[PDB]
$ cat coords26.txt   # compact mmCIF, N, CA, C and O atoms
# COMPACT_ATOMS: atom_id res chain seq x y z
N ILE A 244 41.65 32.49 -31.21
CA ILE A 244 42.71 31.57 -30.81
C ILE A 244 42.30 30.13 -31.04
O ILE A 244 43.13 29.28 -31.38
N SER A 245 41.02 29.81 -30.87
CA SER A 245 40.58 28.45 -31.16
C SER A 245 40.62 28.17 -32.66
O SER A 245 40.98 27.06 -33.06
N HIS A 246 40.29 29.16 -33.48
CA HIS A 246 40.44 28.98 -34.93
C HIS A 246 41.90 28.77 -35.30
O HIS A 246 42.22 27.92 -36.14
N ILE A 247 42.80 29.53 -34.69
CA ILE A 247 44.22 29.39 -34.95
C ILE A 247 44.71 28.01 -34.53
O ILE A 247 45.50 27.38 -35.24
N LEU A 248 44.28 27.53 -33.37
CA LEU A 248 44.76 26.24 -32.89
C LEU A 248 44.22 25.09 -33.74
O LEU A 248 44.92 24.11 -33.99
N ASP A 249 42.97 25.21 -34.20
CA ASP A 249 42.44 24.23 -35.14
C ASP A 249 43.23 24.24 -36.44
O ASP A 249 43.53 23.18 -37.00
N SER A 250 43.56 25.43 -36.94
CA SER A 250 44.38 25.51 -38.15
C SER A 250 45.74 24.87 -37.94
O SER A 250 46.24 24.17 -38.81
N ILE A 251 46.36 25.11 -36.78
CA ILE A 251 47.65 24.52 -36.48
C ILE A 251 47.55 23.00 -36.48
O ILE A 251 48.39 22.30 -37.06
N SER A 252 46.52 22.47 -35.83
CA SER A 252 46.35 21.02 -35.76
C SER A 252 46.13 20.42 -37.14
O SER A 252 46.69 19.36 -37.46
N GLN A 253 45.33 21.08 -37.98
CA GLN A 253 45.06 20.54 -39.31
C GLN A 253 46.29 20.62 -40.20
O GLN A 253 46.55 19.71 -40.99
N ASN A 254 47.05 21.71 -40.09
CA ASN A 254 48.29 21.83 -40.84
C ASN A 254 49.28 20.75 -40.43
O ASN A 254 49.96 20.16 -41.28
N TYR A 255 49.37 20.48 -39.13
CA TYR A 255 50.21 19.40 -38.64
C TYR A 255 49.76 18.04 -39.15
O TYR A 255 50.59 17.20 -39.53
N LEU A 256 48.45 17.81 -39.18
CA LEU A 256 47.93 16.55 -39.69
C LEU A 256 48.28 16.37 -41.16
O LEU A 256 48.75 15.30 -41.58
N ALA A 257 48.04 17.40 -41.97
CA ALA A 257 48.34 17.32 -43.39
C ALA A 257 49.84 17.15 -43.63
O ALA A 257 50.25 16.38 -44.51
N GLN A 258 50.66 17.85 -42.86
CA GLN A 258 52.11 17.67 -42.96
C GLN A 258 52.52 16.24 -42.65
O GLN A 258 53.36 15.67 -43.36
N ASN A 259 51.95 15.64 -41.61
CA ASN A 259 52.30 14.27 -41.27
C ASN A 259 51.88 13.30 -42.36
O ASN A 259 52.67 12.44 -42.78
N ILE A 260 50.64 13.43 -42.86
CA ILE A 260 50.16 12.50 -43.88
C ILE A 260 50.68 12.84 -45.27
O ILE A 260 50.34 12.14 -46.23
N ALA A 261 51.45 13.91 -45.41
CA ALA A 261 52.20 14.14 -46.64
C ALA A 261 53.62 13.62 -46.54
O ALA A 261 54.15 13.07 -47.50
N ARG A 262 54.26 13.79 -45.38
CA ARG A 262 55.58 13.21 -45.18
C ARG A 262 55.53 11.69 -45.27
O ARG A 262 56.45 11.06 -45.81
N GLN A 263 54.46 11.08 -44.76
CA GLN A 263 54.35 9.62 -44.87
C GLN A 263 54.36 9.18 -46.33
O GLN A 263 55.01 8.19 -46.68
N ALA A 264 53.64 9.89 -47.19
CA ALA A 264 53.55 9.52 -48.59
C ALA A 264 54.62 10.17 -49.46
O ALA A 264 54.55 10.02 -50.68
N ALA A 265 55.55 10.92 -48.87
CA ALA A 265 56.54 11.65 -49.67
C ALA A 265 57.38 10.72 -50.55
O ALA A 265 57.59 11.01 -51.74
N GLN A 266 57.90 9.63 -49.99
CA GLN A 266 58.78 8.76 -50.75
C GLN A 266 58.05 8.14 -51.93
O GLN A 266 58.54 8.15 -53.07
N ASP A 267 56.84 7.62 -51.69
CA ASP A 267 56.06 7.04 -52.76
C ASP A 267 55.61 8.09 -53.77
O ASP A 267 55.51 7.80 -54.96
N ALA A 268 55.37 9.32 -53.31
CA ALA A 268 54.98 10.38 -54.23
C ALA A 268 56.12 10.73 -55.18
O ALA A 268 55.89 10.90 -56.39
N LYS A 269 57.34 10.83 -54.67
CA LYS A 269 58.46 11.13 -55.56
C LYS A 269 58.78 9.95 -56.47
O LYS A 269 59.15 10.13 -57.64
N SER A 270 58.63 8.72 -55.96
CA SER A 270 58.79 7.55 -56.81
C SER A 270 57.79 7.57 -57.95
O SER A 270 58.14 7.32 -59.11
N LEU A 271 56.53 7.90 -57.65
CA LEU A 271 55.51 7.99 -58.68
C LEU A 271 55.80 9.12 -59.66
O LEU A 271 55.56 8.98 -60.86
N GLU A 272 56.31 10.24 -59.16
CA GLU A 272 56.66 11.36 -60.03
C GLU A 272 57.73 10.94 -61.04
O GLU A 272 57.60 11.19 -62.24
N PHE A 273 58.79 10.29 -60.56
CA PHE A 273 59.84 9.87 -61.48
C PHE A 273 59.35 8.76 -62.41
O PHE A 273 59.80 8.69 -63.56
N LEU A 274 58.46 7.89 -61.93
CA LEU A 274 57.90 6.87 -62.81
C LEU A 274 57.09 7.50 -63.94
O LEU A 274 57.17 7.06 -65.09
N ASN A 275 56.30 8.52 -63.62
CA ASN A 275 55.58 9.26 -64.66
C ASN A 275 56.55 9.91 -65.63
O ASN A 275 56.33 9.91 -66.84
N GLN A 276 57.64 10.48 -65.11
CA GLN A 276 58.67 11.04 -65.97
C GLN A 276 59.44 9.98 -66.75
O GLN A 276 60.16 10.33 -67.69
N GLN A 277 59.31 8.71 -66.38
CA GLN A 277 60.12 7.64 -66.94
C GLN A 277 59.36 6.73 -67.90
O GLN A 277 59.96 5.82 -68.48
N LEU A 278 58.07 6.95 -68.08
CA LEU A 278 57.30 6.09 -68.98
C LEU A 278 57.67 6.40 -70.43
O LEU A 278 57.51 7.55 -70.87
N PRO A 279 58.16 5.42 -71.21
CA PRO A 279 58.53 5.62 -72.62
C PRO A 279 57.32 5.94 -73.50
O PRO A 279 56.54 5.03 -73.79
N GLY A 384 60.22 -6.62 -74.17
CA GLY A 384 60.24 -5.16 -74.15
C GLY A 384 58.99 -4.56 -73.54
O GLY A 384 59.07 -3.72 -72.65
N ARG A 385 57.82 -4.99 -74.03
CA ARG A 385 56.56 -4.47 -73.52
C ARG A 385 56.21 -5.03 -72.15
O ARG A 385 55.41 -4.43 -71.43
N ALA A 386 56.79 -6.18 -71.78
CA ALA A 386 56.57 -6.72 -70.44
C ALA A 386 57.11 -5.77 -69.38
O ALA A 386 56.50 -5.62 -68.31
N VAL A 387 58.24 -5.12 -69.66
CA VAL A 387 58.76 -4.12 -68.73
C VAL A 387 57.80 -2.95 -68.62
O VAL A 387 57.61 -2.38 -67.54
N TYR A 388 57.16 -2.57 -69.74
CA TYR A 388 56.17 -1.50 -69.70
C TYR A 388 54.97 -1.89 -68.85
O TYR A 388 54.44 -1.07 -68.08
N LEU B 389 64.54 -10.63 -68.76
CA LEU B 389 63.43 -9.76 -68.38
C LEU B 389 63.42 -9.49 -66.88
O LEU B 389 63.06 -8.39 -66.44
N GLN B 390 63.79 -10.49 -66.08
CA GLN B 390 63.90 -10.27 -64.64
C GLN B 390 64.94 -9.20 -64.32
O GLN B 390 64.70 -8.31 -63.49
N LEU B 391 66.09 -9.26 -64.98
CA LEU B 391 67.12 -8.24 -64.79
C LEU B 391 66.66 -6.89 -65.32
O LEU B 391 67.03 -5.86 -64.75
N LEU B 392 65.87 -6.86 -66.39
CA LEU B 392 65.31 -5.59 -66.86
C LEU B 392 64.40 -4.97 -65.82
O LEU B 392 64.47 -3.76 -65.56
N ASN B 393 63.53 -5.78 -65.21
CA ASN B 393 62.64 -5.27 -64.17
C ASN B 393 63.44 -4.78 -62.97
O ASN B 393 63.14 -3.72 -62.40
N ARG B 394 64.46 -5.53 -62.56
CA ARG B 394 65.31 -5.10 -61.45
C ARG B 394 66.03 -3.80 -61.78
O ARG B 394 66.16 -2.92 -60.92
N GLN B 395 66.50 -3.66 -63.02
CA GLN B 395 67.17 -2.44 -63.44
C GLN B 395 66.22 -1.25 -63.40
O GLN B 395 66.61 -0.16 -62.97
N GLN B 396 64.98 -1.43 -63.85
CA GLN B 396 64.01 -0.34 -63.78
C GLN B 396 63.71 0.04 -62.33
O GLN B 396 63.62 1.23 -62.00
N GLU B 397 63.54 -0.96 -61.46
CA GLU B 397 63.30 -0.66 -60.05
C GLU B 397 64.47 0.09 -59.44
O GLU B 397 64.27 1.03 -58.65
N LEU B 398 65.69 -0.29 -59.80
CA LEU B 398 66.86 0.41 -59.28
C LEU B 398 66.96 1.82 -59.86
O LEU B 398 67.42 2.73 -59.16
N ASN B 399 66.54 2.02 -61.11
CA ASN B 399 66.47 3.38 -61.65
C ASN B 399 65.52 4.24 -60.82
O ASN B 399 65.86 5.37 -60.45
N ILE B 400 64.34 3.70 -60.52
CA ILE B 400 63.36 4.46 -59.74
C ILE B 400 63.92 4.78 -58.36
O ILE B 400 63.81 5.91 -57.87
N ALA B 401 64.52 3.78 -57.70
CA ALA B 401 65.04 3.98 -56.36
C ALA B 401 66.19 4.98 -56.35
O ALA B 401 66.30 5.80 -55.44
N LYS B 402 67.07 4.91 -57.36
CA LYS B 402 68.18 5.86 -57.44
C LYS B 402 67.68 7.28 -57.66
O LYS B 402 68.20 8.22 -57.06
N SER B 403 66.68 7.45 -58.52
CA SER B 403 66.22 8.80 -58.84
C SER B 403 65.42 9.40 -57.69
O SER B 403 65.57 10.59 -57.39
N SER B 404 64.57 8.61 -57.04
CA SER B 404 63.78 9.13 -55.93
C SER B 404 64.69 9.59 -54.80
O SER B 404 64.75 10.78 -54.48
N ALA B 405 65.41 8.65 -54.19
CA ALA B 405 66.54 8.90 -53.30
C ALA B 405 66.22 9.74 -52.08
O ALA B 405 67.16 10.22 -51.43
N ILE B 406 64.95 9.96 -51.74
CA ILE B 406 64.62 10.75 -50.56
C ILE B 406 65.34 10.18 -49.35
O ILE B 406 65.21 8.99 -49.02
N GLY B 407 66.12 11.03 -48.69
CA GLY B 407 66.97 10.61 -47.59
C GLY B 407 66.25 10.71 -46.26
O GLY B 407 65.17 11.27 -46.13
N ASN B 408 66.90 10.13 -45.24
CA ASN B 408 66.41 10.24 -43.88
C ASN B 408 66.55 11.64 -43.30
O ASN B 408 66.26 11.83 -42.12
N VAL B 409 66.98 12.61 -44.10
CA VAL B 409 67.14 13.98 -43.65
C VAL B 409 66.10 14.86 -44.33
O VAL B 409 65.85 14.73 -45.53
N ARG B 410 65.51 15.75 -43.55
CA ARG B 410 64.45 16.64 -44.01
C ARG B 410 64.79 18.06 -43.58
O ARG B 410 65.14 18.29 -42.42
N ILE B 411 64.68 19.00 -44.50
CA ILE B 411 64.85 20.42 -44.19
C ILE B 411 63.46 20.96 -43.88
O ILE B 411 62.69 21.27 -44.78
N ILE B 412 63.15 21.07 -42.59
CA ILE B 412 61.84 21.54 -42.18
C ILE B 412 61.74 23.05 -42.36
O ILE B 412 60.92 23.55 -43.12
N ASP B 413 62.60 23.79 -41.66
CA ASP B 413 62.66 25.24 -41.76
C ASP B 413 63.91 25.62 -42.53
O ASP B 413 65.02 25.30 -42.11
N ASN B 414 63.73 26.29 -43.66
CA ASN B 414 64.86 26.94 -44.29
C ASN B 414 65.29 28.12 -43.43
O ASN B 414 64.59 28.55 -42.51
N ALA B 415 66.48 28.65 -43.71
CA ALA B 415 67.05 29.68 -42.87
C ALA B 415 66.37 31.02 -43.13
O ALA B 415 66.28 31.46 -44.28
N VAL B 416 65.90 31.66 -42.07
CA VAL B 416 65.49 33.06 -42.10
C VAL B 416 66.16 33.76 -40.92
O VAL B 416 66.31 33.17 -39.84
N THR B 417 66.58 35.00 -41.14
CA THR B 417 67.33 35.74 -40.13
C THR B 417 66.38 36.47 -39.20
O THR B 417 65.43 37.11 -39.65
N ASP B 418 66.63 36.36 -37.91
CA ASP B 418 65.92 37.18 -36.94
C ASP B 418 66.35 38.62 -37.14
O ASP B 418 67.55 38.92 -37.04
N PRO B 419 65.43 39.55 -37.42
CA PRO B 419 65.84 40.93 -37.72
C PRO B 419 66.35 41.69 -36.52
O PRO B 419 66.86 42.81 -36.69
N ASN B 420 66.24 41.14 -35.32
CA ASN B 420 66.73 41.79 -34.12
C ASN B 420 68.08 41.20 -33.75
O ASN B 420 68.15 40.00 -33.44
N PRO B 421 69.16 41.98 -33.77
CA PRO B 421 70.49 41.41 -33.54
C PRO B 421 70.59 40.73 -32.18
O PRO B 421 69.99 41.16 -31.20
N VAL B 422 71.35 39.64 -32.15
CA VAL B 422 71.58 38.93 -30.89
C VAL B 422 72.77 39.51 -30.13
O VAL B 422 72.97 39.16 -28.97
N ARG B 423 73.55 40.38 -30.76
CA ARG B 423 74.69 41.02 -30.16
C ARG B 423 74.83 42.38 -30.83
O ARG B 423 74.63 42.48 -32.05
N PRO B 424 75.15 43.44 -30.08
CA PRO B 424 75.29 43.43 -28.62
C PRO B 424 73.96 43.46 -27.89
O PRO B 424 72.99 44.03 -28.39
N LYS B 425 73.91 42.85 -26.71
CA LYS B 425 72.73 42.93 -25.86
C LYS B 425 72.77 44.27 -25.13
O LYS B 425 73.41 44.40 -24.09
N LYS B 426 72.09 45.27 -25.69
CA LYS B 426 72.27 46.65 -25.24
C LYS B 426 71.83 46.84 -23.80
O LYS B 426 72.53 47.50 -23.02
N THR B 427 70.68 46.28 -23.42
CA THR B 427 70.17 46.50 -22.08
C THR B 427 71.11 45.93 -21.03
O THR B 427 71.39 46.58 -20.02
N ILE B 428 71.61 44.71 -21.25
CA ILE B 428 72.46 44.11 -20.23
C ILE B 428 73.82 44.80 -20.20
O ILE B 428 74.42 44.92 -19.13
N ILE B 429 74.31 45.29 -21.34
CA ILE B 429 75.56 46.04 -21.32
C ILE B 429 75.41 47.33 -20.54
O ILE B 429 76.27 47.69 -19.73
N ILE B 430 74.31 48.06 -20.75
CA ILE B 430 74.13 49.31 -20.03
C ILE B 430 73.90 49.05 -18.54
O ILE B 430 74.40 49.78 -17.68
N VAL B 431 73.17 47.98 -18.21
CA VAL B 431 72.97 47.63 -16.80
C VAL B 431 74.29 47.26 -16.15
O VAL B 431 74.56 47.63 -15.00
N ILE B 432 75.13 46.50 -16.86
CA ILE B 432 76.43 46.13 -16.33
C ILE B 432 77.30 47.36 -16.16
O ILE B 432 78.05 47.47 -15.19
N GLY B 433 77.22 48.30 -17.09
CA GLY B 433 77.94 49.55 -16.91
C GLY B 433 77.51 50.29 -15.66
O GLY B 433 78.34 50.73 -14.87
N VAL B 434 76.19 50.39 -15.45
CA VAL B 434 75.67 51.06 -14.25
C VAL B 434 76.19 50.37 -13.00
O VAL B 434 76.72 51.02 -12.08
N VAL B 435 76.05 49.05 -12.93
CA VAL B 435 76.38 48.33 -11.71
C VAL B 435 77.89 48.32 -11.47
O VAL B 435 78.35 48.44 -10.33
N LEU B 436 78.68 48.18 -12.53
CA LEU B 436 80.13 48.22 -12.39
C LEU B 436 80.59 49.59 -11.92
O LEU B 436 81.48 49.68 -11.06
N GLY B 437 80.01 50.65 -12.47
CA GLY B 437 80.33 51.98 -11.98
C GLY B 437 79.96 52.16 -10.52
O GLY B 437 80.72 52.75 -9.75
$ encode --input "coords26.txt" --output "structure tokens"
Amino acid sequence: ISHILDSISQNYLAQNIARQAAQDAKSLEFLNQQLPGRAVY
Amino acid sequence: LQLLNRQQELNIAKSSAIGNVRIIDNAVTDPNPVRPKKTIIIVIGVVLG
């Protein structure tokens, strides 16, 4: 049960620190998909 | 060039578009029916009788 509760806490931590970066992660994903005047590049 | 940069930023913002709504749990069905509640129906039958 202590192993399970540690796993729960770590999963919760990773979920929180992934939701925080979610918006920037998807922005970066679309920017990578969007890389092809040169000043804009 | 300033408008080009603004247009690119708006492209990124439009495509990302992550909303203030999050689907945490997708739908899964509880395999045990919520109706009829067999035990309470049989108990009510007993007590009503």
$ select_by_dssp --input "coords26.txt" --residues "chain A" --states "helix (DSSP H, G or I)" --output "PyMOL selection string"
chain A and resi 245-262+265-277
$ interface_residues --input "coords26.txt" --of "chain A" --to "chain B" --cutoff "8 Å" --atoms "all atoms listed in the file" --output "ChimeraX atom specification"
/A:265-266,268-271,273-274,384,386-387
$ atom_distance --input "coords26.txt" --atom1 "atom C of residue A:264" --atom2 "atom C of residue B:412"
16.3 Å
$ atom_distance --input "coords26.txt" --atom1 "atom C of residue B:413" --atom2 "atom O of residue A:260"
19.5 Å
$ atom_distance --input "coords26.txt" --atom1 "atom C of residue A:385" --atom2 "atom O of residue B:398"
18.8 Å
$ axis_aligned_box --input "coords26.txt" --around "stretch 248-266 of chain A" --padding-each-side "4 Å" --output "JSON"
{"center_x": 50.6, "center_y": 17.8, "center_z": -43.0, "size_x": 24.3, "size_y": 27.4, "size_z": 28.2}
$ decode --input "coords26.txt" --residues "stretch 246-262 of chain A" --atoms "N, CA and C atoms" --output "mmCIF file, in the first residue's frame"
data_model
loop_
_atom_site.group_PDB
_atom_site.id
_atom_site.type_symbol
_atom_site.label_atom_id
_atom_site.label_comp_id
_atom_site.auth_asym_id
_atom_site.auth_seq_id
_atom_site.Cartn_x
_atom_site.Cartn_y
_atom_site.Cartn_z
ATOM 1 N N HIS A 246 3.830 1.439 -1.459
ATOM 2 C CA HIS A 246 4.288 1.543 -2.843
ATOM 3 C C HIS A 246 3.201 2.116 -3.740
ATOM 4 N N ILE A 247 1.958 1.677 -3.539
ATOM 5 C CA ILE A 247 0.836 2.189 -4.319
ATOM 6 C C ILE A 247 0.639 3.677 -4.070
ATOM 7 N N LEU A 248 0.723 4.109 -2.811
ATOM 8 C CA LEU A 248 0.487 5.518 -2.512
ATOM 9 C C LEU A 248 1.612 6.396 -3.044
ATOM 10 N N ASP A 249 2.852 5.908 -2.997
ATOM 11 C CA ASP A 249 3.948 6.632 -3.630
ATOM 12 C C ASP A 249 3.739 6.739 -5.133
ATOM 13 N N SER A 250 3.293 5.652 -5.766
ATOM 14 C CA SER A 250 3.004 5.705 -7.193
ATOM 15 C C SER A 250 1.901 6.709 -7.494
ATOM 16 N N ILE A 251 0.856 6.737 -6.669
ATOM 17 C CA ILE A 251 -0.233 7.690 -6.864
ATOM 18 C C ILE A 251 0.288 9.115 -6.769
ATOM 19 N N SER A 252 1.109 9.388 -5.756
ATOM 20 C CA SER A 252 1.643 10.734 -5.576
ATOM 21 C C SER A 252 2.524 11.146 -6.747
ATOM 22 N N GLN A 253 3.358 10.230 -7.240
ATOM 23 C CA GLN A 253 4.247 10.572 -8.344
ATOM 24 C C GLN A 253 3.474 10.758 -9.641
ATOM 25 N N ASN A 254 2.452 9.933 -9.869
ATOM 26 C CA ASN A 254 1.601 10.106 -11.040
ATOM 27 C C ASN A 254 0.885 11.444 -10.997
ATOM 28 N N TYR A 255 0.397 11.828 -9.821
ATOM 29 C CA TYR A 255 -0.232 13.129 -9.646
ATOM 30 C C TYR A 255 0.747 14.269 -9.904
ATOM 31 N N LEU A 256 1.979 14.131 -9.421
ATOM 32 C CA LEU A 256 2.993 15.154 -9.649
ATOM 33 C C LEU A 256 3.287 15.312 -11.135
ATOM 34 N N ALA A 257 3.503 14.192 -11.828
ATOM 35 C CA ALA A 257 3.793 14.244 -13.257
ATOM 36 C C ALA A 257 2.614 14.805 -14.040
ATOM 37 N N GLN A 258 1.394 14.424 -13.662
ATOM 38 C CA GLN A 258 0.210 14.980 -14.301
ATOM 39 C C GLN A 258 0.136 16.491 -14.124
ATOM 40 N N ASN A 259 0.420 16.984 -12.919
ATOM 41 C CA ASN A 259 0.370 18.424 -12.687
ATOM 42 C C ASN A 259 1.428 19.157 -13.504
ATOM 43 N N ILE A 260 2.668 18.653 -13.498
ATOM 44 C CA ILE A 260 3.738 19.332 -14.228
ATOM 45 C C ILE A 260 3.708 19.040 -15.715
ATOM 46 N N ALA A 261 2.770 18.219 -16.178
ATOM 47 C CA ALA A 261 2.510 18.110 -17.606
ATOM 48 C C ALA A 261 1.360 19.006 -18.036
ATOM 49 N N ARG A 262 0.316 19.109 -17.215
ATOM 50 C CA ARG A 262 -0.756 20.047 -17.516
ATOM 51 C C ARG A 262 -0.244 21.479 -17.524
#
